[PDB]
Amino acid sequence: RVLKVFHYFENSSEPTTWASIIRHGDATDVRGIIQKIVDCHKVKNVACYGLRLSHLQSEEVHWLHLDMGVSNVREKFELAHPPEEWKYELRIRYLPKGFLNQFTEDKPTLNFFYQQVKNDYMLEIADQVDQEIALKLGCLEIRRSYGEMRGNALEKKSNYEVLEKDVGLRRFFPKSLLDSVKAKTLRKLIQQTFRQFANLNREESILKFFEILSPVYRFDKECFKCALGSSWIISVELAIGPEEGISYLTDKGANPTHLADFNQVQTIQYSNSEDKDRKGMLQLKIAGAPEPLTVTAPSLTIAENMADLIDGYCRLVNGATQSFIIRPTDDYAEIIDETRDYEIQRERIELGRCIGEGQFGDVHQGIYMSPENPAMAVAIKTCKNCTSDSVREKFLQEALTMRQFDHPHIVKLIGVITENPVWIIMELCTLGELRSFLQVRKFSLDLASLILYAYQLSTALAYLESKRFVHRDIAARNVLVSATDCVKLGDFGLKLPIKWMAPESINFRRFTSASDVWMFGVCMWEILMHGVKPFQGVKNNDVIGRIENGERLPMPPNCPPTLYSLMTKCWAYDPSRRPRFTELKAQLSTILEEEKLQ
């Protein structure tokens, strides 16, 4: 059987669903699980990660000791409540002494840690933190998250808006702040506190983040109210952490008193309050001290959680692998990840000459003989590492989307072959890629033709808008020519094409219809420029630089100055001032009719 573990390693997905799915074995212990997830992310500080299980509708928490066997941990807890309501989440619990410093030379771990701490901050105290503090914090998460954007970006109404109204400032700030200040002024406050963190890369952001939190949120330890002693039980707060070891403080803030270091800890033992109540009993034998250090915790659970803490630490301080808690092949651990009419038998396909390359698989020419009906020329997108299953599942995911579309300027899906290697069968656009097509025919195509193509493209992009489908890569490279008077739209699958991208795409990784329109502008230029690439001989940074300053692509010779202004309307920095697709359709329609009559 399997297991889902939520963790804090980044993904362009939503943070609340970052997880790994492990096909564990029957004697597999929590070590196995942790090991295989962190090896899977190139983690150097393995000894610092633990596993914490908690029910959804409950606020209490269960630390799963390394040596426990998963299936009989399922067994135990899944006998209380269903697997649907339990949350297994990987956490850092065991800080080395220089921890922050040390995690700098372990990039995944610092990132994991930062996220895990940032999550808690939002969830636990963000609402009731100082106004200046919240502000300062939020900005660094902008700064860190959106690496490739230049500093002065947030002093642009459109940019800020994209954060306000598309991204959600809630991703950076508590509902408490956003509510209690007028939004137009909030815009200032951010632009302002953002100045101080203008030129800070991802690494420094994270540390400046921590630096500003630490004074107002201890994440460098855990505390437990509990009682010390074996007979005259006396009430204390325990602090357990890297620069203090086990410490009692009481009180108030003041100096914490040292009790032992983790390297002193001989053995751990815990048990149910054999006495009247329900309390946790915890015993620690220490260096040469003949009497065990005896802790009474409010519940057996807390006791267990405290043992996990102390074990983890010991097992870390000593370069140790086995436990310090005295007790009363199949451990395989694989990493995995989570219908059709239109089936075609492979024997009904003659696989012709390879026609285009794939970073994923080649595209081929082909004959398709369908029993009822004559032969048909088809394109065939092939798969190379097709046996590796999710790569397969993502490949023929593309075919699923193409099922949905039916429009005369989108390349029609014809079928799939759902056995390795997976094949996607589509129509073949005989006259090839548009760029090539244009260069070749630079002197035999009337203008009415060139803009006809943009018109047809726009009808397609309109159709796609109408189904809320963003394409992400509109360019003449993704257009094919199916006949003299007819072009079609290309890829629909999953080294950035900087020069065609809208600014918010280069800045905030945002991809909307409105980003699509910008690219379509550049596409339109390419067409009118008979298949030349935008910005020949300019490297990408000067381009983002020029785009940022106001420079645009010049009017191609022969472009009706109306159409050229439409292109620049598509190149509106603020994505909301850009035309709609349904609108560029209507316009080009007329701009064509006018061109037809000459």
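Note that residue numbering follows the sequence shown and begins at 1.
Q: Do any residues of the deposited sequence lie unmodelled between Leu494 and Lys495, and which range holds their number: none, 1 to 3, 4 to 9, or 10 or more?
A: Gap between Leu494 and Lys495: 10 or more unmodelled residues.
Q: In the deposited sequence, how many residues between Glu338 and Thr339 have no modelled coordinates (none, 1 to 3, 4 to 9, 10 or more)?
A: Missing in between: 4 to 9 residues.
Q: Output the stretch having the higher mean C-alpha B factor in the entry; the candidates are 245-253 and 426-434.
A: That would be 245-253.
Q: Check the entry's C-alpha temperature factors for 384-392 and 261-269, then say which stretch has the higher mean.
A: Per the PDB entry, the higher value belongs to 384-392.
Q: Looking at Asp516, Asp485, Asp308, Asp277, which has the biggest Cα B factor in the entry?
A: That would be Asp277.
Q: Would you mind ranking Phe324 by its C-alpha B-factor against the rest of the chain and naming the third, lowest, middle or highest?
A: Highest third of the chain for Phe324's C-alpha B-factor.
Q: Ranking the modelled residues of this chain by C-alpha B-factor as given in the entry, is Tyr88 in the lowest, middle or highest third?
A: Answer is middle: the recorded C-alpha B-factor places it there.
Q: Can you tell me which third, lowest, middle or highest, the CA B-factor of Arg441 falls into for its chain?
A: Its C-alpha B-factor belongs to the middle third of this chain's values.
Q: When the modelled residues of the chain are sorted by Cα temperature factor, does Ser71 land in the lowest, middle or highest third?
A: Its C-alpha B-factor belongs to the highest third of this chain's values.
Q: By the record's CA B-factor, is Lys467 among the lowest, middle or highest third of residues in the chain?
A: Within its chain, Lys467 is a lowest-third residue by C-alpha B-factor, going by the deposited values.
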